[PDB]
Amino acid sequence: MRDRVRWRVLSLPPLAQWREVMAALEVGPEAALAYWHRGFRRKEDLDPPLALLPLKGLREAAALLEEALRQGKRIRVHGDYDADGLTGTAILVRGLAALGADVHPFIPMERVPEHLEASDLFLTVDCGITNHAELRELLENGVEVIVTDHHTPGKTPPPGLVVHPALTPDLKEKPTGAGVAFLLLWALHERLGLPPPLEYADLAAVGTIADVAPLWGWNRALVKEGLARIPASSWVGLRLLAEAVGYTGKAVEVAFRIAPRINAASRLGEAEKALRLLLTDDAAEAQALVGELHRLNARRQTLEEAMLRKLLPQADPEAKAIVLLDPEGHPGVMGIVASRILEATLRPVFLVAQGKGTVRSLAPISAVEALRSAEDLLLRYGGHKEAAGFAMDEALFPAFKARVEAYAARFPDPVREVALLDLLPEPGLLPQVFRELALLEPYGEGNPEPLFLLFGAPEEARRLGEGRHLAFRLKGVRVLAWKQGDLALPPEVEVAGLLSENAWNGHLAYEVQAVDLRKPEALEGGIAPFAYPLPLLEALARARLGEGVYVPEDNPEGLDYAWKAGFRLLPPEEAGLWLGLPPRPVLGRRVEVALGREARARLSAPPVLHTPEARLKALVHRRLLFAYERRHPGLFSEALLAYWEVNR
């Protein structure tokens, strides 16, 4: 598990593009790197337009709804029960009610006859993509059907009007159920001559974060609009839930504090509670409902901890697959218990409780493809590569366990990657870099917060507690971390951490929150090697032995000791050993390079005149020294190409 983790330094971009990004966006090289990796290049990519995505079927549904409203038809909004489904349902229910629609909600064939008597138009939120047979509402008695969902569409769309992103050719946005609900309300507003329903973007944003959709393009735009409307929401229940959790406008707070409370209600059978919170305009009742979700959340956490405690100490080792059975375990919390086991384990995880099953997988193992490998054993099932679910008679557990364990063995051990943006800059530059990274927010599925690589010997190390937690400094910057089993740092450490702005007592401190920490190891990254870092003393020996060598015109102080000493001086393109850097590229040259220690060459070590693209050259220089000291051919070679260009 803690041996199947790889650290990769992210590639450097072409310097002409790098500079293009720095200029537009107006930022330094570190932030430009992150921006370039996430695809942001014009000032336009940071604030995409929140516009009406032209989904396929959207206009017809909008027309169909206009008709429903004018003709006073009765509408039933049938939504999914997770946060995305509930916020989407609230969007449509509040939205349509505001326009004089006769509309009510409904949240989960045996119910089809109820839907029939109670409704003229049937609106599904984040569901119904493969509910064909329910074609009776369409057939047997004239009930109009509108389907809005974003779950994997079957081989053929179902009856009634369907509004699905993955059914719109081209289109590369990935709106969720709440997002689609939001677009549909928008389309209806266009038809009626009304302005965009921007006040519903907070509800849309919540659902969007909850369903872990990619935070880019439209999704990114939508969330920025919504995160900002939350503090003064038009929905007192959402504003009150957000304050209860100390919301400060950050997407991470939604994903981890707001949506979980809504989901807890649902997973515990009290989903109407969460829905009502989103629909009431009475603050008193809203206040009370927030207490109720707080109690449901606290309950879900309690059960989740008990289950985790019973299960984690089990079938984990190096078992290709983790298949555990907990008979009396609550079905509503096993999904999160699987994820926590999966993370602490880097192995697919299968849980079964009260005849229901959940799967959390990763790497080359498709969660749903494992289940398929043992499908005749299940009563029902379905999912994707990372998450899947099923029902099964617990009697078939051993058969199931073996099947899926055998299936996972058909693959290589999963390996977790940690993506490094770059070396962390000198402490003096941390503030500006942090402010420049700021425009990347909101962080999330789309774009994760960037990590930096700090490297050195830990000083002023001080524990804070009686284990794990500690603090220390690496080359002038304070780093906080949870020493992963051992405490006491090796003589030298490598850290992958978040650059933090820690407010305390009215003053700010910029330091690193380690997400991972370890004894130096081989780093992934760089381009195809051509320059191989060679230690200075080793290089001078060979030079003295008479090897064909190269010493650049700069620092003729060294080029002198060479003449005096009689080195077989040669031009860089033909000598296989360099004691310094040539001014212009020399490729097609598999060579060995040395800088020194006192070497004038080693003066890629002095600072400059900051602020401008001087900060660029400095990042390149820091890199060269790093790759040189770590004897990393790829990173050195890559850093050397960028060095050639930042000097042209």
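So that there is no doubt, residue numbering starts at 1 and follows the sequence shown.
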item	value
Interval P108-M109, deposited residues with no coordinates in the entry (none, 1 to 3, 4 to 9, 10 or more)	10 or more
Stretch with the higher entry mean CA B-factor, where the candidates are 167-175 and 519-527	167-175
Between the two ranges 543-551 and 217-225, the one averaging a larger CA B factor in the entry	543-551
Given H189, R372, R347, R276, the residue at which the Cα B factor reaches its maximum	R372
Residue selected from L619, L609, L64, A32 by maximal Cα B factor	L609
Modelled-residue ranking by C-alpha temperature factor, third containing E466	highest
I258 CA temperature factor, ranked by third within the chain	lowest
Among modelled residues of the same chain, the CA temperature factor third for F397	middle
Chain-relative CA temperature factor third for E285	lowest
Within-chain third of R623 by Cα B-factor, per the entry	lowest
